[PDB]
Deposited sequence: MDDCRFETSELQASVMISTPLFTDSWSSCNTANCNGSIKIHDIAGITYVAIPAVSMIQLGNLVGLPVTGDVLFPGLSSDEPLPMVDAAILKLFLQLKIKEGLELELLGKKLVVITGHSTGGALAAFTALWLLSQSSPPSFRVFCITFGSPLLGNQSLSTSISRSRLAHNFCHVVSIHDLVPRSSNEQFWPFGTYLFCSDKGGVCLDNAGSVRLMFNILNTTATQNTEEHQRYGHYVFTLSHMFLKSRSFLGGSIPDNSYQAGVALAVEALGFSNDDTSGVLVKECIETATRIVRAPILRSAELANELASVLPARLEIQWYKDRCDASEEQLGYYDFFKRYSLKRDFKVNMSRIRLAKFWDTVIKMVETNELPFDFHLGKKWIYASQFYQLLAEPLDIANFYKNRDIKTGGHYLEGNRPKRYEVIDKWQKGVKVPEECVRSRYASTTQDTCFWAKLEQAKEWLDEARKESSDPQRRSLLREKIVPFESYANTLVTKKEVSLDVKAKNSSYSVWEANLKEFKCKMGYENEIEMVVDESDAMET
């Protein structure tokens, strides 16, 4: 019942003006031997010339110092690397220092290039997309016959950062250059493999690599096929006048297998030859079948509803703690873990943690739509959850630890970092006049920070040094103290923080006494 879209995605790209305009710009840049920046029909094209001299093939890590950084990509020691000649040519041509101002005020930018020009264009678009802020223009990158740019670590990092769809690499099926990089290099982004008969898109690095191997089993090697992209761009962009039916015999009745067979033919192989069978299997195993993410997202509302009673249980537990005479606040209540009410709400803590873990994995694996995390409903459901529950996960960590890192020291569950990032898909002014303490402490890591301030107050109890006690106080105690007092001042803590026997009230007392002791 599947629907095969590799050829359709190729046809969408081919039918756009971007296809022919990016190529035109590439051709002009090649003829000039210089970068060309110009507007066609309201789109800014930055076309980087082909550079035949540089020595491709040698990997080096991304820059860690200088003016040219990629904070949006992994640091995690399967380290991303890129072609050193391309990095050097980027700094050599003064791309950053120049393009910066020549693009200010533009709103639609295509970065494009033939050959190593395309490798540099991809590097440049990656750089633009790898800053802490997104660029202030849409960025799209089309390459023609580009050699590969980096290693596997770079490619999976680009996928993980959700930048891969900003790239379309047009590869003529008889162009040796993209298929001929050394084996340490990996593709990233979507590949449009193309022939005289049409195009096929593969968006998955494994499928692209497979196709590279398949194509390397075919025949004629003349270098000048690398030089024929103008012919392919022209032929492809004019195929809309002609009616194109299946040219083999047996179009397989089944709708999915039919679209696959047509894709194989669009690459120009016959579904009878050995090569055509390999191309078929490659296209067939590119898709990886799931339930429609649009439907999955809609029905996920019922699953959020079904897990919500656990969040309500945290709400009820929190109220009951507020009403308890011990006045610990529900953070310290749950950390103490004496009562049956503590054991009961812990079940709910676990249920909610597993649900939001499952949701976030679905997001990572694309079982949910690419823009799922931008829906207001999910931003606020996850925020409401986090507000109530993150203190309990903090308390569980500190109550189970060996005394044994700190929560905020590589021990925060991933899902809370993701929820944090989702919070940026909305508005965040609207400071309202608060008439009482917030229902839940607005910094959902407040208690972790307090636990660290507690440890630091104790180690400054050890003291001896009366000017080194000051460092601990000047550097790692008073900052948290005034942070807390502004949170209390603006009423951004919940009332349980100011419960007489909460660890915050205890710490506030200890510190005020210590501060009388030494000016």
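Several segments of the deposited sequence have no coordinates for C-alpha: 1-3, 407-408, 525-541, numbered from the first residue.
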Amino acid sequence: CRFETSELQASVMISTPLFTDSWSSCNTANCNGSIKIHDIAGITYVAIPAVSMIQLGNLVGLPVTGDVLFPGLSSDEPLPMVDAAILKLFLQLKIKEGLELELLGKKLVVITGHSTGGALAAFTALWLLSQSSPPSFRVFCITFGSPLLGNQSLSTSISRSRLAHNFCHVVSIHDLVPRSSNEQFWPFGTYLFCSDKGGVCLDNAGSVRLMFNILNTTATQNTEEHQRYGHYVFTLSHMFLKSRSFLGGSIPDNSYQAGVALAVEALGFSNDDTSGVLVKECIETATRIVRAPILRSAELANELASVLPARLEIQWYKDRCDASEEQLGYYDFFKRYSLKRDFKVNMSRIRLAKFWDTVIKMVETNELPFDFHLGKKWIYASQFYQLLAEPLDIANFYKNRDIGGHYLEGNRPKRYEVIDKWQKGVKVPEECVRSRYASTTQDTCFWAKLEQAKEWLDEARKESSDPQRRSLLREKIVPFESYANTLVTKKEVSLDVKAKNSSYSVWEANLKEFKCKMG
From here on, numbers count along this sequence of modelled residues.
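Stretches compared: 458-466, 55-63. Higher mean C-alpha B-factor in the entry: 458-466. With 371-379 and 322-330 compared on mean CA B-factor from the PDB entry, the stretch scoring higher is 322-330.
Each of 259, 189, 98, 268 has a CA temperature factor in the record; the biggest one is found at 98. Of the candidates 173, 300, 289, 82, the deposited coordinates give 289 the top C-alpha B factor. For residue 414, the recorded CA temperature factor ranks within the middle third of the chain's modelled residues.
Split the chain's modelled residues into thirds by C-alpha temperature factor. Residue 28 is in the middle one.
Residue 426: CA B factor lies in the highest third for its chain, per the PDB record. Among all modelled residues in this chain, the alpha-carbon of residue 478 has a temperature factor (C-alpha) in the highest third. Among all modelled residues in its chain, residue 203 ranks in the lowest third by Cα B-factor.
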